[PDB]
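Atoms within each ligand, like the ligands themselves, are counted from 1 in listed order. Sequential numbering from 1 along the given sequence is applied to the chain's residues.
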Amino acid sequence: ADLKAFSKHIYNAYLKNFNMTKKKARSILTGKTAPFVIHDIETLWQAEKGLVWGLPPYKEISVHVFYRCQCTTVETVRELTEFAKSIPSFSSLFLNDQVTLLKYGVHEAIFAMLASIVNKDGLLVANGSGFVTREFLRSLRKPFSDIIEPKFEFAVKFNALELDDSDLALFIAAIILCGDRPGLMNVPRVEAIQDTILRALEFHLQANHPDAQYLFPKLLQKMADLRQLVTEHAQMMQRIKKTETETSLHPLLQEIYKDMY
Ligand SMILES: CC[C@@H](Oc1cccc(CN(CCCOc2ccc(OC)cc2)c2nc3ccccc3o2)c1)C(=O)O
Ligand SMILES: CCCCCCCCO[C@@H]1O[C@H](CO)[C@@H](O)[C@H](O)[C@H]1O
């Protein structure tokens, strides 16, 4: 009862704050308008010249994709921040504790939600109006071609669990409310909120996925998988900042990756 309403509150905060939902994504990816496919240089250009679509000064094809990728991340961080403010008691934390949770949590949540817009062949872009192929991303020059590929591997496995948006709302909330983030001041308070979230998640999963047996423990493992995925992503990003000294890294991403792990 308490948990059912708590889950509903989180769900509505999710629907309120995220422009792209899995319901919308799967509808686009299954055909019910069709996205413009971006599979090489020429189609990427066509996607820029109206159709589908501010950025740093143009450098090259691979850096351009890198820049558009960052812009989308920054926008999703804005959404996750507003979503977190609706998680009961998150706003009661001191401001720097809120930032600490978002700093170490947003990319874990981003990569979880990324699975919603992905299939084995590519992912939606531009609010679902475009589709960039996995192959085209593989064809970019290193190191940029190695950024997104490992996320496809996680996403395909994650999509096998067949979560819906109501499940994901609680899942993302549990990711953000994480008591072991470095520098967190009020660990007991954050652990207490997370426990409420996780209890609501188990209650919600058995009501929404009755025939799903080990779904809750599987999602706990997914949370651990996302932390290592992000650790390896932070390494790549920290490397690229050192290697690609002429490519711009958005200030928000610089701050997120600042001595992270
Ligand atoms: C770069 C540094 C960046 O790493 C990454 C690595 C992998 C994935 C992301 C986040 N992401 C980008 C998808 C593709 O992004 C494009 C965009 C345009 C394009 O070609 C024109 C090709 C790829 C995303 N979208 C979402 C939509 C809904 C929900 C969650 C979403 O998560 C960031 C970081 O560290 O933040
Ligand atoms: C309060 C606003 C936060 C941004 C402050 C400075 C923004 C500097 O410029 C940023 O560089 C990024 C590099 O990819 C671009 O992608 C961004 O679109 C651009 O705004």
Side-chain angles (χ1 to χ4, degrees), residues 14 17-26 28-29 35-41 43-48 51-59 61-81 83 102-103 106-118 122-140 143-155 158 165 168-169 172 175 226 229-241 244 246-258 260:
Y14 174 103
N17 282 288
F18 296 113
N19 196 30
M20 180 56 63
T21 63
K22 188 177 177 177
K23 179 177 182 178
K24 177 185 177 181
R26 295 306 303 171
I28 302 172
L29 295 169
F36 182 83
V37 178
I38 298 176
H39 66 95
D40 53 20
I41 298 172
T43 52
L44 171 62
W45 164 258
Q46 288 304 340
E48 296 293 344
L51 185 59
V52 185
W53 294 282
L55 298 174
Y58 178 84
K59 282 294 195 301
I61 293 168
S62 290
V63 174
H64 179 69
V65 177
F66 186 64
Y67 287 168
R68 284 228 167 271
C69 187
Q70 294 185 61
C71 286
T72 299
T73 293
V74 168
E75 181 54 29
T76 310
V77 166
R78 294 191 214 256
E79 298 183 320
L80 278 160
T81 299
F83 167 77
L102 294 162
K103 173 186 170 67
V106 288
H107 277 97
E108 294 181 11
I110 288 172
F111 296 157
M113 291 183 295
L114 173 69
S116 299
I117 61 165
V118 160
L123 49 58
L124 296 176
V125 299
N127 192 33
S129 67
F131 182 87
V132 177
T133 72
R134 188 174 181 171
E135 282 299 334
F136 174 64
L137 297 174
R138 284 168 170 171
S139 83
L140 305 179
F144 304 109
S145 55
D146 296 317
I147 297 176
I148 302 198
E149 176 60 17
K151 289 64 176 180
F152 280 102
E153 304 178 347
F154 168 89
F158 188 79
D165 287 307
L168 294 165
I172 304 298
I175 286 175
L226 286 163
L229 181 63
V230 169
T231 301
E232 296 165 3
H233 183 74
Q235 293 168 358
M236 288 195 286
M237 298 297 292
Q238 295 164 342
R239 239 177 206 87
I240 295 187
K241 175 181 169 305
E244 304 293 336
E246 202 165 23
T247 300
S248 298
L249 188 63
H250 187 107
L252 181 62
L253 294 186
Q254 294 190 39
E255 284 301 307
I256 290 180
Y257 294 126
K258 182 177 60 181
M260 183 191 198

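No more than 12 heavy atoms of other residues, nucleotides or ligands shown are found within 6.0 angstrom of CZ on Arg239. Heavy-atom neighbours of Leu55 CG from other residues, nucleotides or ligands within 6.0 Å: above the threshold of 12.
Nearest to atom 25 (N) of ligand 1 among the protein's heavy atoms is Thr72 CG2, 3.5 Å. Of all protein heavy atoms, the one lying nearest to atom 13 (C) of ligand 2 is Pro56 CG, 3.5 Å. At the shortest separation from atom 18 (O) of ligand 2 among protein heavy atoms lies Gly54 O, 2.8 Å. Nearest protein neighbour of atom 22 (C) of ligand 1, counting heavy atoms only, is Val65 CG1, 3.4 Å. At the top of the distance list for atom 2 (C) of ligand 1, counting protein heavy atoms only, stands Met237 CE, 3.4 Å. Protein heavy atom closest to atom 23 (C) of ligand 1, with residue, atom name and distance, is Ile148 CD1, 3.9 Å. Nearest non-hydrogen protein atom to atom 14 (C) of ligand 1 is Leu123 CD2, 3.6 Å. Among all non-hydrogen protein atoms, the one lying nearest atom 6 (C) of ligand 2 is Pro251 CG, 3.6 Å. Protein heavy atom in closest approach to atom 33 (C) of ligand 1: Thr73 OG1, 3.1 Å. From the protein, the heavy atom lying nearest to atom 24 (C) of ligand 1 is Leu114 CD1, 3.9 Å. Ranking the protein heavy atoms by distance from atom 17 (C) of ligand 1 puts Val125 CG1, 3.7 Å first.
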request  = Please step through side chain to side chain contact (heavy atoms under 4.5 Å, CB included) for the pair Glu79 and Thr76, ending with a clear verdict.
outcome  = CA-CA 5 Å; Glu79 298 183 320; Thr76 310; 4.3 Å; yes
Test side chain to side chain contact (heavy atoms under 4.5 Å, CB included) on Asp165 and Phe18; report intermediate values, then the result. CA-CA 10 Å; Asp165 287 307; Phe18 296 113; over 6 Å; no
Before giving the answer on side chain to side chain contact (heavy atoms under 4.5 Å, CB included), spell out for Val63 and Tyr58 the whole-Å C-alpha distance, their side-chain angles and the decisive distance to 0.1 Å.
-> CA-CA 8 Å; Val63 174; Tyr58 178 84; over 6 Å; no
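Relative to atom 3 (C) of ligand 2, the option among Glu255, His250, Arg68 with the closest non-hydrogen atom is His250. Looking at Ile117, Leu252, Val52 and measuring to atom 28 (C) of ligand 1, the nearest heavy atom belongs to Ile117. Between the choices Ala25, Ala112, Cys69, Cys71, the shortest heavy-atom distance to atom 1 (C) of ligand 1 belongs to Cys69.
Close approach of ligand 1 to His233 (heavy-atom distance below 4.0 Å) involves ligand atoms 3 (C), 4 (O), 5 (C), 6 (C), 34 (C), 35 (O). For ligand 2, the atoms sitting less than 4.0 Å from at least one non-hydrogen atom of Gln70 are 14 (O), numbered in the order shown with element in parentheses. Of all atoms in ligand 1, listed by their number and element, those nearer than 4.0 Å to a heavy atom of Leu44 are 21 (C). Close approach of ligand 1 to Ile147 (heavy-atom distance below 4.0 Å) involves ligand atoms 4 (O), 6 (C). Interface atoms of ligand 2 facing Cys71, defined by a heavy-atom separation under 4.0 Å, are 16 (O), 18 (O). Within the listing of ligand 1, atoms 1 (C) sit less than 4.0 angstrom from a heavy atom of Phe66. Within the listing of ligand 1, atoms 34 (C), 35 (O), 36 (O) sit less than 4.0 angstrom from a heavy atom of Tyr257.
Remark: side-chain polar atoms of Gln70 are paired, donor with acceptor, to backbone N or O of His250 under 3.5 angstrom. At distances below 3.5 Å, at least one donor-acceptor pair connects side-chain atoms of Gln238 with backbone N or O atoms of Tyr257. Not one N or O on the side chain of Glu149 forms a donor-acceptor pair closer than 3.5 Å with the backbone of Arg138. The backbone N or O of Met260 lies less than 3.5 Å from no partner atom in the side chain of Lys103, so there is not a single donor-acceptor pair.
The CG atom of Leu44 sits 11.0 Å away from the NE2 atom of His39 when rounded to the nearest 0.5 Å. With values rounded to the nearest 0.5 angstrom, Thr21 atom OG1 is found 10.0 Å from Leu168 atom CG.
Distances from atom 15 (C) of ligand 2 to the protein include at least one heavy-atom value under 4.0 Å. Distance check for atom 1 (C) of ligand 2: every protein heavy atom is found at 4.0 Å or beyond.
At a heavy-atom cutoff of 4.0 Å, ligand 1 is contacted by the side chain of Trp53 but not by its backbone. In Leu124, neither the side chain nor the backbone holds a heavy atom less than 4.0 Å from any atom of ligand 1. By the criterion of a heavy-atom distance under 4.0 Å, both the backbone and the side chain of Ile110 are placed next to ligand 1. Contacts between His64 and ligand 1 below 4.0 angstrom, taking non-hydrogen atoms only, are absent altogether.
For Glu48 and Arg68, the salt-bridge test passes: some basic side-chain N is under 4.0 Å from an acidic carboxylate O.
Polar contact check, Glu48 against ligand 1: no nitrogen or oxygen pair lies under 3.5 Å apart. Looking at ligand 1, you'll find an N or O of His107 within less than 3.5 Å of one of its N or O atoms.
The aromatic rings of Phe83 and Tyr14 sit perpendicular to each other, their planes meeting at more than 60°, with 30° as the lower class boundary.
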